[PDB]
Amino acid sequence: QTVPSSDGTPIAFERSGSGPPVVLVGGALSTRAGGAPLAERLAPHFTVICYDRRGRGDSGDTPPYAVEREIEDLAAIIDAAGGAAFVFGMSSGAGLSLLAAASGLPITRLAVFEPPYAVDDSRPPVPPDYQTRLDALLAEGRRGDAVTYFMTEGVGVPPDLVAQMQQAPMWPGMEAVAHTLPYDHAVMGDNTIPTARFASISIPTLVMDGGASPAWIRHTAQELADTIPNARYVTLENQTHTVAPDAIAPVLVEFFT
């Protein structure tokens, strides 16, 4: 189904399961499909809502883009969930979720995985021309190259892993929503943490990283779990690069219940 955001944009979503509501918020290049495997593991415990962020999947889009519009989208989805919910945010979706929490949305418990803020030099510098170059690639219709650029220069993934992603079934779906990469850049700002705002988040919070996280992601996670007063920091037990639903779900079930 869809629900209208404040600006009229139809936001597509699906519900499954039973129990208290959980909203899954996806990151860069995600659509609602991305959360489906996790949602299915959570469904025995929670009513889970997965949704397409604006400009993706079955959702519409209403220019001009503003981060506030995506906070309003999430507000509409939390309303679809009943008016308040637990939230799990992934990657840049964790940034959006933290901003939404700081803005006063009715998020009752918050879990975030690998929010891609930067707190130290162990993260490679993002090129100063990142926004300009990303826009240029998109304007030429080089969607694949835009994704490659985001992964290598935006979030510091080594070229070998990115080339492997290009061979995976995931890649065409990412290309299809590459025009939203500037939206995630806007959500994340310059990757610095808005400490004053996040320190004001009072709800129970869980910050997670994975066994293959780069050092800079660990440091960010540690700092967020210190800045947010009621936060814990968990490193997941994934045994390869890919974090599977069963590495995340039990931790979420424990934290949310």
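Numbers follow the displayed sequence, beginning with 1.
Relative to one another, 218 to 226 and 194 to 202 have unequal mean CA B-factors, and 194 to 202 is the one with the higher figure.
179 to 187 and 162 to 170 differ in mean CA B-factor, and the higher of the two is recorded for 162 to 170. Per the deposited record, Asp129 carries the highest C-alpha B-factor of all listed residues (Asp79, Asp145, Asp73, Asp129). For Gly141, the recorded CA B-factor ranks within the highest third of the chain. Only modelled residues enter the ranking. Annotation for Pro21: C-alpha temperature factor in the lowest third relative to the rest of the modelled chain, per the entry. Among the modelled residues of its chain, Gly95 has a C-alpha B-factor that falls in the lowest third, as given in the PDB entry. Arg32: CA B factor lies in the highest third for its chain, per the PDB record. Ranked by Cα temperature factor within the chain, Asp61 sits in the lowest third according to the deposited record.
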